[PDB]
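Following: one structure in structure tokens, then a few remarks.
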Amino acid sequence: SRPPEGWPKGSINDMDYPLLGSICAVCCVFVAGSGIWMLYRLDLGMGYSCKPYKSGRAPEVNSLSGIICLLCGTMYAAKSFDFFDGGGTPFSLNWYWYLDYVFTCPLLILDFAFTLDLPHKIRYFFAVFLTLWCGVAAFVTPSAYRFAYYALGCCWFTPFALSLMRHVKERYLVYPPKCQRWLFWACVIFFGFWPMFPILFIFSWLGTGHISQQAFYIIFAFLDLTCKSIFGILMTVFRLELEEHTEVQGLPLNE
Amino acid sequence: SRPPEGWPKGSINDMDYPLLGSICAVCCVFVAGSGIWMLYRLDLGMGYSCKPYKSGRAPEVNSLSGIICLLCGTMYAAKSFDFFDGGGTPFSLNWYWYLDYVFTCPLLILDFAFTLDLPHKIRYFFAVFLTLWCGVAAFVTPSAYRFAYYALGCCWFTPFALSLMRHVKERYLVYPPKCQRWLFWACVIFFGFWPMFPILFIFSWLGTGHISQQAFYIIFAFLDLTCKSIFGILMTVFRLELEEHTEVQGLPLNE
Amino acid sequence: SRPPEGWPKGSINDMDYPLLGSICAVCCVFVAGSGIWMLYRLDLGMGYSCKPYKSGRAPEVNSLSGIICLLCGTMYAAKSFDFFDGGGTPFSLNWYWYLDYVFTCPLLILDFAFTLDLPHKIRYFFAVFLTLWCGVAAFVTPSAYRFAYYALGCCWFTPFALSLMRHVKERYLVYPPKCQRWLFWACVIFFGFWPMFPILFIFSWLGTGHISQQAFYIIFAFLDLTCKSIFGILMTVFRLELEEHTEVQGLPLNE
Ligand SMILES: *C/C=C(C)/C=C/C=C(C)/C=C/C1=C(C)CCCC1(C)C
Ligand SMILES: *C/C=C(C)/C=C/C=C(C)/C=C/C1=C(C)CCCC1(C)C
Ligand SMILES: *C/C=C(C)/C=C/C=C(C)/C=C/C1=C(C)CCCC1(C)C
């Protein structure tokens, strides 16, 4: 507890620290486990037939899905320690909302872009990075300028979102049906869930005031499990399907 | 105002926050606009004849000019919000001088090096990054060691500057006359203006004490407009000229 | 001295600041000198016979050894300034243990991996980065959770260490005897000294309490000289030997 006597009663920080700690310890194991599986299955070979790589090693970039999970899992361990130490600790990843995501979100979009061979990899990376930084600023600012920062971040996000939706619909047809399945669910996650983040900001204690900070933590735990683990599992299987088509069976894309 | 009652009268922080806010809001629009133009014109094709790219997309690195402007423009929006909120806000890019430049200056030098194909891209990047960090330290330190940090930064900068001047004069002759024009003005900016930054430090309130902090902000706004926007416009046109020569008209460099 | 009247007598901060300052000023010169030599010798050509590069420039990645030294040397200058200013200064690289290493350690492992062509360059980089971050957290935390953070970091380090040891033994045989000599001493440094860092944490004031913080600084100065300078000199000579074999004399590896 940052205050010597502990958090003032009825403060935004007056939460149920044990439950919070626990939820993150579970989030940690499951995300880290999924990441471990991801890197292990990448090392078996190419496709469901686990065809051996010619160089005897997998492409460097294919490791990102799994790395992102382990980075997230490591951060949720840290976060558990903070909650179990009662909150407001000197190395707290709970304190500055969105700072942890400044390290993962841009990696996620790289993962996605490398997997599909989207254009403008660098533009996409920076767009996400700036959006996340605007969130950090929005949460630490107490004036109304909090919303100036939120709007700046929407200025980045909205073009980014439309641009991506357009690019993805262009590559969708290239791929064979069986790969199209996995990509669709990946898109539901990206186009369905990413917009949830900025909508929660509005209903939080820093907006309308409908959702407490404790609730905010729990919701984000579920959102991170979906946007890192499930997303990574769907990226993995999309590559196994693709490889089976192109490498194991040696067939061409529609292009 | 960081102090509850506000900045002490006659302090370095006793400035004209509205005017400061405004200058940055304008700097923001103009820099962000220029960056937008830069990425748009890159997407039209190759050269003044807008020849279509073979891959149907432009090279990744060519996006840096434009990205650097948008990053700068986003930072000047943030800075506006701080000034209009009266200064000393929790997320202030005005507070720690030179911290914003730790993100742009090294990208600028990469942009320049990729464009000309200078050697030692990594050496050049680190040289700039360290110089900028020495500036950060020089400004936060109140002892005379402030000048120890300044000198350390000159130790990095001075070799870097001479090294670059030598490399650039080697590539200048390679290029055809029409491209040589644009490169010369780019060089005037780099060799004329970059040295201005360290000379202003000496005459600031942290050196001789001739230039107030308010003035320091205004001067830097003009310097950033020149070193990011105009520089980026000159990099853009140099590539359009070069492409017209090599790709549209298919002629060789002197080399 | 961070406290106005200065460090309380008999505090962990009640050290011999002048001696500390001096040790770092020497560490600074020697490391920076070694780095300078490294980049100079790289520019002479390929091998002991200094065969000219075909492109007329050396590979970008070969610069990392030397860059890492100069980055370390610049940081030890900063650290000298802090000690000579008596400690607890606003820009102190002495204050947060392990924060400086968050910038060098991952670069070191990249250097090593590029030199040997180890697989999983990105995995290796992140593994080191996370380990170092866990150290930072372990040192700032005052509860017992300090050890939770230490253990998390061992979870990263231990697999990383075994994985590397396995990969290196696979590449050792590839290389000719004369190169094998240099690689062995590089391995002694990596496998002998890297494990020293986490063992010192246990005997420090934050563990059993056998080694003072002053002593901790001195030990780390010697460890950094070994893990950056000597290591870099051994990487350099390994490349000169390798090049003499493969490029100057045009012979094949065992593979
Ligand atoms: C793993 C975490 C993910 C996928 C997080 C995504 C977060 C966003 C896309 C957040 C968006 C924001 C804005 C568009 C505006 C204000 C700030 C944010 C961060 C809430
Ligand atoms: C867009 C911003 C640019 C181009 C800034 C450039 C800044 C410098 C080259 C500053 C140089 C410095 C030194 C050489 C010594 C002390 C610290 C600085 C940052 C003032
Ligand atoms: C140039 C500096 C080097 C090579 C430093 C290496 C440091 C380590 C490998 C430190 C390891 C740690 C752990 C394994 C656990 C706790 C934290 C550390 C940083 C002491």
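The chains in the structure tokens are called A, B, ... from first to last as shown; in each chain the residues are counted from 1, and the ligands are counted from 1 in the order shown.
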
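Residues of chain C lying within 7 Å of chain A, counting only C-alpha atoms, are residues 119, 120, 122, 123, 137, 140, 141 and 145 of chain C.
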
| query | Can you list, as number ranges by chain, every protein, DNA or RNA residue that comes within 8 Å of residue 179 of chain B when you count only C-alpha atoms, leaving out same-chain residues fewer than 3 positions away? | reply | B: 175-176, 182-183, 238, 241-242

| task | Return as a VMD selection string every polymer residue, whether protein, DNA or RNA, with at least one atom no more than 8 Å from an atom of ligand 2; count only C-alpha atoms and all ligand atoms. | result | chain B and resid 98 101 104 to 105 108 128 131 to 136 138 149 to 154 156 to 158 190 193 to 201 223 to 224 227 to 228

Would you put the residues from that selection into a file with N, CA, C and O atoms, as a tab-separated table (two decimals), in the first residue's frame?
chain	number	residue	atom	x	y	z
B	98	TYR	N	15.11	17.75	-24.51
B	98	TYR	CA	15.90	16.91	-25.40
B	98	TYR	C	15.38	15.48	-25.31
B	98	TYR	O	15.88	14.60	-25.99
B	101	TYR	N	13.76	14.52	-28.67
B	101	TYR	CA	14.72	14.39	-29.74
B	101	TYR	C	15.47	13.07	-29.67
B	101	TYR	O	16.12	12.71	-30.64
B	104	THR	N	13.73	11.17	-32.35
B	104	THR	CA	13.64	11.58	-33.74
B	104	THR	C	15.02	11.69	-34.38
B	104	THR	O	15.22	11.30	-35.52
B	105	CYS	N	15.98	12.25	-33.65
B	105	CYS	CA	17.25	12.60	-34.25
B	105	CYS	C	17.92	11.37	-34.88
B	105	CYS	O	18.40	11.44	-36.01
B	108	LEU	N	16.20	10.47	-38.05
B	108	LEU	CA	16.57	11.37	-39.13
B	108	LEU	C	17.85	10.91	-39.82
B	108	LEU	O	17.92	10.95	-41.05
B	128	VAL	N	24.42	9.46	-32.78
B	128	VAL	CA	23.45	10.51	-32.57
B	128	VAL	C	22.72	10.26	-31.26
B	128	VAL	O	22.55	11.19	-30.47
B	131	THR	N	24.80	11.32	-28.24
B	131	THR	CA	24.84	12.77	-28.17
B	131	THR	C	23.54	13.26	-27.52
B	131	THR	O	23.56	14.08	-26.59
B	132	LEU	N	22.39	12.78	-27.98
B	132	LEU	CA	21.18	13.38	-27.48
B	132	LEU	C	21.04	13.06	-26.00
B	132	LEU	O	20.80	13.99	-25.22
B	133	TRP	N	21.27	11.81	-25.58
B	133	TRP	CA	21.29	11.47	-24.16
B	133	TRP	C	22.22	12.38	-23.31
B	133	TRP	O	21.85	12.80	-22.22
B	134	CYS	N	23.42	12.71	-23.80
B	134	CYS	CA	24.27	13.62	-23.06
B	134	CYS	C	23.59	14.96	-22.86
B	134	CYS	O	23.77	15.59	-21.83
B	135	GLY	N	22.79	15.41	-23.83
B	135	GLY	CA	22.06	16.66	-23.67
B	135	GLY	C	21.03	16.59	-22.55
B	135	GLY	O	20.97	17.48	-21.71
B	136	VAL	N	20.26	15.50	-22.52
B	136	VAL	CA	19.28	15.27	-21.48
B	136	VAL	C	19.93	15.41	-20.11
B	136	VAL	O	19.47	16.21	-19.29
B	138	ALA	N	22.76	16.85	-19.34
B	138	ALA	CA	23.31	18.19	-19.14
B	138	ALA	C	22.24	19.15	-18.60
B	138	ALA	O	22.53	20.03	-17.78
B	149	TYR	N	28.83	16.90	-18.81
B	149	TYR	CA	27.94	16.14	-19.67
B	149	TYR	C	27.91	16.78	-21.05
B	149	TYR	O	27.89	16.08	-22.06
B	150	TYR	N	27.90	18.11	-21.10
B	150	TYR	CA	27.89	18.78	-22.39
B	150	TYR	C	29.15	18.39	-23.17
B	150	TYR	O	29.03	17.99	-24.32
B	151	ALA	N	30.32	18.45	-22.55
B	151	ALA	CA	31.54	18.07	-23.24
B	151	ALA	C	31.52	16.62	-23.72
B	151	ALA	O	31.91	16.33	-24.85
B	152	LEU	N	31.10	15.68	-22.88
B	152	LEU	CA	30.97	14.30	-23.33
B	152	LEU	C	30.20	14.24	-24.65
B	152	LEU	O	30.54	13.47	-25.53
B	153	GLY	N	29.12	15.03	-24.77
B	153	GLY	CA	28.25	15.00	-25.93
B	153	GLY	C	28.93	15.59	-27.16
B	153	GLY	O	28.75	15.11	-28.27
B	154	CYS	N	29.76	16.60	-26.95
B	154	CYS	CA	30.58	17.11	-28.03
B	154	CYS	C	31.62	16.08	-28.48
B	154	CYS	O	31.96	16.02	-29.65
B	156	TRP	N	31.13	12.99	-28.75
B	156	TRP	CA	30.43	12.15	-29.70
B	156	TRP	C	30.14	12.92	-30.98
B	156	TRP	O	30.39	12.42	-32.06
B	157	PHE	N	29.63	14.13	-30.84
B	157	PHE	CA	29.12	14.86	-31.98
B	157	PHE	C	30.23	15.25	-32.95
B	157	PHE	O	30.08	15.10	-34.16
B	158	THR	N	31.36	15.73	-32.45
B	158	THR	CA	32.36	16.30	-33.33
B	158	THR	C	32.94	15.28	-34.31
B	158	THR	O	33.02	15.53	-35.50
B	190	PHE	N	21.64	20.24	-42.59
B	190	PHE	CA	22.34	19.37	-41.65
B	190	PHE	C	23.61	20.01	-41.09
B	190	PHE	O	23.86	19.97	-39.90
B	193	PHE	N	22.47	23.76	-39.43
B	193	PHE	CA	21.51	23.94	-38.36
B	193	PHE	C	21.78	23.02	-37.19
B	193	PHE	O	21.49	23.41	-36.07
B	194	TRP	N	22.28	21.80	-37.44
B	194	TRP	CA	22.50	20.88	-36.33
B	194	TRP	C	23.46	21.50	-35.33
B	194	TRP	O	23.20	21.49	-34.13
B	195	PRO	N	24.56	22.12	-35.78
B	195	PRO	CA	25.46	22.82	-34.87
B	195	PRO	C	24.84	23.97	-34.09
B	195	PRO	O	25.37	24.36	-33.06
B	196	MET	N	23.71	24.51	-34.55
B	196	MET	CA	23.02	25.55	-33.82
B	196	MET	C	22.54	25.03	-32.47
B	196	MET	O	22.63	25.75	-31.49
B	197	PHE	N	22.04	23.80	-32.42
B	197	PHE	CA	21.50	23.31	-31.16
B	197	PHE	C	22.52	23.50	-30.03
B	197	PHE	O	22.26	24.23	-29.07
B	198	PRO	N	23.71	22.86	-30.06
B	198	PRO	CA	24.70	23.00	-28.99
B	198	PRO	C	25.19	24.43	-28.73
B	198	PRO	O	25.59	24.73	-27.60
B	199	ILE	N	25.13	25.31	-29.74
B	199	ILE	CA	25.48	26.70	-29.51
B	199	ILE	C	24.38	27.43	-28.74
B	199	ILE	O	24.67	28.31	-27.94
B	200	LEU	N	23.13	27.05	-28.91
B	200	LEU	CA	22.11	27.68	-28.10
B	200	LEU	C	22.26	27.27	-26.64
B	200	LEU	O	22.12	28.13	-25.78
B	201	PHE	N	22.57	26.00	-26.34
B	201	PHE	CA	22.78	25.59	-24.94
B	201	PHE	C	23.71	26.56	-24.19
B	201	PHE	O	23.44	26.97	-23.07
B	223	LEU	N	13.39	25.63	-35.29
B	223	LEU	CA	14.45	24.72	-35.68
B	223	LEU	C	13.90	23.35	-36.05
B	223	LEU	O	14.41	22.73	-36.96
B	224	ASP	N	12.85	22.90	-35.36
B	224	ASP	CA	12.24	21.60	-35.62
B	224	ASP	C	11.46	21.62	-36.93
B	224	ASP	O	11.39	20.64	-37.67
B	227	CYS	N	14.38	21.30	-39.47
B	227	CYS	CA	15.15	20.07	-39.45
B	227	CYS	C	14.29	18.83	-39.69
B	227	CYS	O	14.84	17.77	-39.98
B	228	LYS	N	12.96	18.93	-39.58
B	228	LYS	CA	12.11	17.79	-39.88
B	228	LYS	C	11.30	18.03	-41.15
B	228	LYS	O	11.34	17.21	-42.07

| Taking into account only C-alpha atoms, which residue in the set C:112, C:117, C:40, C:204 is nearest to residue 55 of chain A? |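 Ranking C:112, C:117, C:40, C:204 by distance to residue 55 of chain A, first place goes to C:117.
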
| Selection: 9 Å around residue 186 of chain A, only C-alpha atoms, excl. self and same-chain fewer than 4 positions, as JSON, numbers by chain | {"A": [181, 182, 190, 191, 230, 231, 232, 234, 235]}

| task | Could you find all residues in segment 4-234 of chain B that DSSP calls strand (DSSP E or B) from the backbone, and write them as an MDAnalysis selection string? | result | chainID B and resid 46 51 204 211

| said: List as JSON, numbers by chain the protein and nucleic acid residues near residue 171 of chain B, meaning an atom at most 9 Å away when only C-alpha atoms are counted, but skip any in the same chain fewer than 3 places from it. | reply: {"B": [116, 117, 118, 167, 168, 174, 175, 255]}

| message | Set the distance at 8 Å and use only C-alpha atoms: which residues neighbour residue 34 of chain A once local chain neighbours fewer than 5 positions away are removed? I'd like the list as a PyMOL selection string. | response | chain A and resi 66+69+229+233

Put those residues in a file: N, CA and C atoms, as a PDB file, in the first residue's frame.
ATOM      1  N   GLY A  66       4.942 -16.390 -30.384  1.00  0.00           N
ATOM      2  CA  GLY A  66       5.310 -17.025 -29.133  1.00  0.00           C
ATOM      3  C   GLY A  66       6.065 -16.087 -28.190  1.00  0.00           C
ATOM      4  N   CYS A  69       3.566 -13.779 -26.459  1.00  0.00           N
ATOM      5  CA  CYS A  69       2.948 -14.394 -25.307  1.00  0.00           C
ATOM      6  C   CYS A  69       3.868 -14.440 -24.089  1.00  0.00           C
ATOM      7  N   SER A 229      -3.072 -14.664 -26.524  1.00  0.00           N
ATOM      8  CA  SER A 229      -3.020 -16.110 -26.623  1.00  0.00           C
ATOM      9  C   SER A 229      -3.836 -16.605 -27.809  1.00  0.00           C
ATOM     10  N   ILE A 233      -2.617 -18.340 -31.140  1.00  0.00           N
ATOM     11  CA  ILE A 233      -2.907 -19.700 -31.549  1.00  0.00           C
ATOM     12  C   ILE A 233      -3.456 -19.658 -32.963  1.00  0.00           C
TER      13      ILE A 233
END

| With distances taken over only C-alpha atoms and all ligand atoms, which of A:254, A:49, A:226, A:249 is nearest to ligand 1? | A:226

| Taking the backbone alone, and naming residues the way the document does, which bits of segment 102-234 of chain A are helix (DSSP H, G or I) by DSSP, as a PyMOL selection string? | chain A and resi 102-116+121-140+145-172+177-193+196-203+213-234

| remark: From atom CA of residue 33 of chain B to atom CA of residue 225 of chain B the spacing works out at 11.5 Å

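Across the structure, atom CA of residue 87 of chain B and atom CA of residue 1 of chain B are spaced 5.2 Å apart.
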
| So which residues touch residue 20 of chain A within 12 Å, counting only C-alpha atoms, skipping near sequence neighbours fewer than 2 positions away, as a VMD selection string? | chain A and resid 13 to 18 22 to 27 76 to 77 79 to 87 94 213 to 221

Writing out the chosen residues with N, CA and C atoms as a CSV table (one decimal), in the first residue's frame:
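Generated output (part.csv):
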chain,number,residue,atom,x,y,z
A,13,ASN,N,-8.2,3.0,-5.3
A,13,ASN,CA,-7.2,2.0,-5.0
A,13,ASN,C,-7.7,1.1,-3.9
A,14,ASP,N,-8.8,1.3,-3.3
A,14,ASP,CA,-9.4,0.4,-2.3
A,14,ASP,C,-10.1,-0.8,-3.0
A,15,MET,N,-9.2,-1.8,-3.4
A,15,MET,CA,-9.7,-2.9,-4.2
A,15,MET,C,-9.6,-4.2,-3.4
A,16,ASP,N,-9.7,-5.3,-4.0
A,16,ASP,CA,-9.5,-6.7,-3.4
A,16,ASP,C,-8.2,-7.3,-4.0
A,17,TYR,N,-7.1,-6.8,-3.5
A,17,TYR,CA,-5.8,-7.1,-4.0
A,17,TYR,C,-5.5,-8.6,-4.1
A,18,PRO,N,-5.9,-9.4,-3.2
A,18,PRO,CA,-5.7,-10.9,-3.3
A,18,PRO,C,-6.3,-11.5,-4.6
A,22,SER,N,-4.4,-13.2,-7.8
A,22,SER,CA,-4.7,-14.5,-8.3
A,22,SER,C,-5.1,-14.6,-9.8
A,23,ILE,N,-6.1,-13.8,-10.2
A,23,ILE,CA,-6.4,-13.6,-11.6
A,23,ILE,C,-5.2,-13.4,-12.5
A,24,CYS,N,-4.3,-12.6,-12.1
A,24,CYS,CA,-3.1,-12.4,-12.9
A,24,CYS,C,-2.2,-13.6,-12.8
A,25,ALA,N,-2.1,-14.3,-11.7
A,25,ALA,CA,-1.2,-15.5,-11.6
A,25,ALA,C,-1.7,-16.5,-12.6
A,26,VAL,N,-3.1,-16.6,-12.8
A,26,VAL,CA,-3.6,-17.6,-13.7
A,26,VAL,C,-3.4,-17.1,-15.2
A,27,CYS,N,-3.7,-15.8,-15.4
A,27,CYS,CA,-3.5,-15.3,-16.7
A,27,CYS,C,-2.0,-15.5,-17.1
A,76,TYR,N,2.4,-10.4,-16.6
A,76,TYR,CA,1.4,-10.7,-15.7
A,76,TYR,C,1.9,-11.3,-14.4
A,77,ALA,N,3.1,-11.9,-14.4
A,77,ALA,CA,3.7,-12.4,-13.2
A,77,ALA,C,4.1,-11.2,-12.3
A,79,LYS,N,2.8,-8.3,-12.4
A,79,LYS,CA,1.5,-7.7,-11.9
A,79,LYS,C,0.9,-8.5,-10.8
A,80,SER,N,1.0,-9.8,-10.8
A,80,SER,CA,0.6,-10.6,-9.7
A,80,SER,C,1.3,-10.1,-8.4
A,81,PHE,N,2.7,-9.9,-8.5
A,81,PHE,CA,3.5,-9.7,-7.4
A,81,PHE,C,3.1,-8.4,-6.7
A,82,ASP,N,2.8,-7.4,-7.6
A,82,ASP,CA,2.3,-6.1,-7.1
A,82,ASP,C,1.0,-6.2,-6.3
A,83,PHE,N,0.0,-6.9,-6.9
A,83,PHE,CA,-1.3,-7.1,-6.2
A,83,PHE,C,-1.1,-7.8,-4.9
A,84,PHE,N,-0.3,-8.9,-4.9
A,84,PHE,CA,-0.1,-9.7,-3.7
A,84,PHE,C,0.7,-8.9,-2.7
A,85,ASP,N,1.5,-8.0,-3.1
A,85,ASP,CA,2.2,-7.1,-2.2
A,85,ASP,C,1.3,-5.9,-1.8
A,86,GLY,N,0.0,-5.9,-2.3
A,86,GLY,CA,-1.0,-5.0,-1.8
A,86,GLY,C,-1.2,-3.7,-2.6
A,87,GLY,N,-0.3,-3.5,-3.7
A,87,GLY,CA,-0.5,-2.4,-4.6
A,87,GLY,C,0.4,-1.2,-4.3
A,94,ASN,N,1.0,-2.3,-12.7
A,94,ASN,CA,-0.4,-2.0,-12.6
A,94,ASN,C,-0.7,-0.5,-12.6
A,213,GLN,N,-12.1,0.5,-11.2
A,213,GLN,CA,-10.8,0.2,-11.6
A,213,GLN,C,-10.5,-1.3,-11.4
A,214,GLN,N,-11.1,-1.9,-10.3
A,214,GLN,CA,-10.9,-3.3,-10.1
A,214,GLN,C,-11.5,-4.1,-11.3
A,215,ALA,N,-12.7,-3.8,-11.6
A,215,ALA,CA,-13.4,-4.3,-12.8
A,215,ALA,C,-12.5,-4.1,-14.1
A,216,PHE,N,-12.0,-2.9,-14.2
A,216,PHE,CA,-11.2,-2.6,-15.4
A,216,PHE,C,-10.0,-3.6,-15.5
A,217,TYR,N,-9.4,-3.9,-14.3
A,217,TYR,CA,-8.3,-4.9,-14.3
A,217,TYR,C,-8.7,-6.2,-14.8
A,218,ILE,N,-9.8,-6.7,-14.2
A,218,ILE,CA,-10.3,-8.1,-14.6
A,218,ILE,C,-10.7,-8.1,-16.1
A,219,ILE,N,-11.3,-7.1,-16.6
A,219,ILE,CA,-11.7,-7.1,-18.0
A,219,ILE,C,-10.5,-7.1,-18.9
A,220,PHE,N,-9.5,-6.4,-18.5
A,220,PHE,CA,-8.3,-6.4,-19.3
A,220,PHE,C,-7.5,-7.7,-19.3
A,221,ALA,N,-7.7,-8.5,-18.2
A,221,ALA,CA,-7.0,-9.7,-18.1
A,221,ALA,C,-7.6,-10.7,-19.2

| query | Which one is closest to ligand 3: C:205, C:103, C:172, C:185? Count only C-alpha atoms and all ligand atoms. | reply |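 Answer, going by the shortest atom-to-atom distance: C:103.
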
| Do you have the atom 1 (C, counted along the ligand's line) of ligand 3-atom CA of residue 107 of chain A distance handy? |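 One can read the atom 1 (C, counted along the ligand's line) of ligand 3 to atom CA of residue 107 of chain A distance as 26.1 Å.
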